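Colleague: Turn this into a structure:
(2 chains, ligands or ions: 1)
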Amino acid sequence: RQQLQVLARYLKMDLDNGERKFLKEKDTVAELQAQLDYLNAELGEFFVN
Amino acid sequence: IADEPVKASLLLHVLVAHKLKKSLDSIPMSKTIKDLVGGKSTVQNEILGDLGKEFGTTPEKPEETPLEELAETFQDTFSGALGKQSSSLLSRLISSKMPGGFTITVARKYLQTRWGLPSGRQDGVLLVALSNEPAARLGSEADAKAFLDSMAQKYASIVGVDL
Ligand SMILES: *OP(=O)(O)OCC(C)(C)[C@@H](O)C(=O)NCCC(=O)NCCSC(=O)CC(C)=O
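Modeller: Residues are numbered from 1 along each chain as shown, chains lettered A, B, ... in the order given. Right below this line is the structure:
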């Protein structure tokens, strides 16, 4: 694993880029889920569907 | 494990229980639909419509017939497939209560992997999940799997299976 991180650093291949991006999209999702839950509360299941 | 199609007696129970917004144990089979509703013909007619949609046909006097005698009358012509009402209610449960990313097929997968319950008994667990619908959408994946676990144990208790 220490030889892998040395080979990454040489090639300039950020290993965690994919996990960083995933955590931004997952915080965006949790913001939109909060906005839809608020509209489903102020209008109701029957109305929104 | 052993694959069983959901009994009409459980489907009927869950549909009544969900419409009245009460737990399965709070609804006794002995009582008639007309007794349970409590003089509100609107809700009575909403239950009758949902059972008529789900099972296709109804008996001649479904109002005065007790729930165990309706469940036995439906089992004579019931196959084991959910139908047009159960399928839609489960889709509305999953969409409205599971976290953004968790679909029905992920629930079906989780039940087939974690518990090993096949499609026939997945449908049963999902019906027990419908009967005990939570208040607000489950925040994370881990408490959504913990809910599916609590519904598997409830399903296993009522049907009489060991997990
Ligand atoms: O359960 P049930 O006893 O069979 O139903 C009882 C009643 C009729 C009371 C129930 O369905 C109900 O509450 N209905 C709403 C009141 C009502 O009948 N409103 C009529 C809406 S249409 C209309 O009013 C046409 C018009 C004359 O202009």
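Colleague: what helix or strand does the residue most central in space within chain B sit in?
Modeller: Centroid-nearest residue in chain B: residue B:127, 2.9 Å away (criterion: C-alpha atoms, centre = their mean). Of the helices and strands defined by DSSP states H and E, residue B:127 is found in helix B:119-131.
Colleague: Check whether that helix comes near chain A.
Modeller: No: applying C-beta under 8 Å from any C-beta of the partner chain, one finds helix B:119-131 separated from chain A by no less than 14.1 Å. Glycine gets a C-beta too; all of them are placed from N, C-alpha and C.
Colleague: in chain B, what residue is nearest chain A?
Modeller: Chain B approaches chain A most closely through residue B:100 (4.6 Å), counting by C-beta to the nearest C-beta.
Colleague: Spit out the contact partners of residue 30.
Modeller: Defaulting to chain A. Going by C-beta atoms under 8 Å, 6 or more residues apart in numbering or on different chains, residue A:30 touches residue B:100.
Colleague: look at chain B instead
Modeller: B:66-68.
Colleague: Then residue B:84?
Modeller: Contact partners of residue B:84, counting by C-beta under 8 Å, 6+ apart, are B:53-54.
Colleague: ok so, going back, which residues are in contact with the helix holding residue B:127?
Modeller: The contact list for helix B:119-131 (C-beta under 8 Å, 6+ apart) reads B:1, B:3-6, B:10-11, B:13-14, B:17-18, B:23-24, B:80, B:82, B:86, B:89-90, B:93, B:104, B:107-108, B:111-112, B:115, B:117, B:147-148, B:151-152, B:154-155, B:158-159, B:161.
Colleague: and the residue of chain B closest to chain A, which of the three is it?
Modeller: coil (DSSP: H, G, I helix; E, B strand; the rest coil).
Colleague: Pretty sure it sits against residue A:32.
Modeller: Yes: if you go by C-beta atoms under 8 Å, residue B:100 and residue A:32 touch, sitting 7.4 Å apart.
Colleague: who's more crowded, these two?
Modeller: Using other C-beta atoms under 10 Å in any protein chain shown as the criterion, residue B:100 and residue A:32 rank with residue B:100 on top: 13 against 10.
Colleague: That one: what's it in contact with?
Modeller: A:29-30, A:32-33.
Colleague: Farthest pair within the residues you listed?
Modeller: Within those, A:30 and A:32 form the most distant pair, 7.7 Å apart (C-beta to C-beta).
Colleague: Quick one: name the residues of chain A near chain B.
Modeller: Counting by C-beta under 8 Å from any C-beta, the residues of chain A close to chain B are A:29-30, A:32-33, A:37, A:40, A:45, A:49.
Colleague: Can you list which of those are found in helices?
Modeller: A:29-30, A:32-33, A:37, A:40, A:45 (DSSP state H).
Colleague: Thanks again, I'm all set now.
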